[PDB]
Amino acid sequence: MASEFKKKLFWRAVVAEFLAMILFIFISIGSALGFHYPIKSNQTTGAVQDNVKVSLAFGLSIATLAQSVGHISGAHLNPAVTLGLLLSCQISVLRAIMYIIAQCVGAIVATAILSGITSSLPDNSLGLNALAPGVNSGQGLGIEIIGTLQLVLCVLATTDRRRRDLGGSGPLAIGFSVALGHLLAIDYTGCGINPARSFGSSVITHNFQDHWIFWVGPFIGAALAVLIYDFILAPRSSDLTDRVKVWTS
């Protein structure tokens, strides 16, 4: 349907999806750069990053944001999730598209507002996702794939709809999945599992080194997610030709 305020609701989503991504990145990357703050106009040694601190920053950002606007847009805030839904035929490409853009832009916008907030920092990488020393790049992409997979998979089961056994908070569970991802990937690849988030940093930093692994890995994981839930473990009893109909509306 493309009439009356069916226009409104839609744009409100895209917009909520756009504003929410700003808070997400600002808060999360904002938390990650916080350890570089022993600063006092000097330059002697440095502090050790806290992986729990960062993983919770990202995960709780999502739990909170999903709780704050999840009813308005579905609180995707991540192309790997959106793409996950799309292939599940639960969303329209018009949506996927407009959303993934609101996402990358919000990231780009947020990652760029931090540059000013934390300008006073040296080799300010702005939390750019980079293959860590010792991680066999490429084959080191099994990390992003599994990290995004488990996430998208959680999102599909949590919004399955045929279920009546869910208990507790959908947001919190999805958020903990997001923290679970970083508890796994922070060390290896700095954890991306979210194309728009990786993208936002690599642009405001013009560093796109291997940046491709942060799209192919999640988008793949999403693919494995939709394949495993929708066809192996929890299949719909309807035919493909009809699911596809969702592609338009």
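Residue numbers here begin at 1 and follow the sequence given.
Look at the mean CA B-factor for 166-174 and for 100-108 in the entry; the higher one is 100-108.
Look at the mean CA B-factor for 37-45 and for 186-194 in the entry; the higher one is 37-45. Based on the entry's C-alpha B-factors, the most elevated value among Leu87, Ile145, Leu156, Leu121 belongs to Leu121. The PDB entry assigns its highest CA temperature factor, among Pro79, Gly116, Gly140, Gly74, to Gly140. When all modelled residues of the chain are sorted by CA temperature factor, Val93 is found within the middle third. In the deposited entry, the Cα temperature factor of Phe219 sits in the middle third of values across the chain's modelled residues. Ranked against the other modelled residues of its chain, the C-alpha B-factor of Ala234 as given in the entry falls in the highest third.
In the deposited entry, the Cα temperature factor of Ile204 places it in the middle third of its chain's modelled residues. Per the deposited record, the Cα B-factor of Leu240 falls in the highest third when ranked against the other modelled residues of its chain.
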